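Counting from 1 along the sequence shown, just add 29 to a position and that's the residue number in the deposited numbering.
Backbone N, C-alpha and C define an ideal beta-carbon position, used for all residues, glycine too.
For reference, the structure discussed in these notes is given below.
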Amino acid sequence: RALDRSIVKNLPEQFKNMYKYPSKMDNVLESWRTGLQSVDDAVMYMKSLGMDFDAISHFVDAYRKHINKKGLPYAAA
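Next up, the structure:
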């Protein structure tokens with residue numbers, strides 16, 4: 030489950046770092062999660078940053094695994 034070098038090179042810097050450093054991934058995915066972002070929400074946001082198809086498909090899988098593990102919270106109040 031990895032990305033080719035040409036995809037990694039063209040990642041936005043935040044996502045380059047998410048790719049390389051699992052802790053940075055967790056940080057960011059956790060902020061999406063507590064941001065109450067559904068997978069779809071995450072996709073839109075990644076599309077909005079003008080990210081490539083391969084790239085997006087990679088972080089969706091990671092966000093899904095994260096969500097499937099820790100759950101997507103219900104809003105308060």
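Note down, in chain order, each residue of its chain lying with its Cβ closer than 8 Å to the Cβ of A84, except the 5 sequence neighbours on either side. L32, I36, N39, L40, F44, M75
By a C-beta neighbour count over all protein chains shown, 10 Å radius and 16 as the cutoff for buried, is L58 buried or exposed? buried
On the criterion of 16 or more Cβ atoms from any shown chain inside 10 Å, does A104 qualify as buried, or is it exposed? exposed
Proximal residues to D90 (C-beta, below 8 Å), its chain only, five neighbours per side dropped: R30
Count the other CB atoms, across all protein chains shown, that sit within 10 Å of the CB of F82; report buried if there are 16 or more and exposed otherwise. exposed
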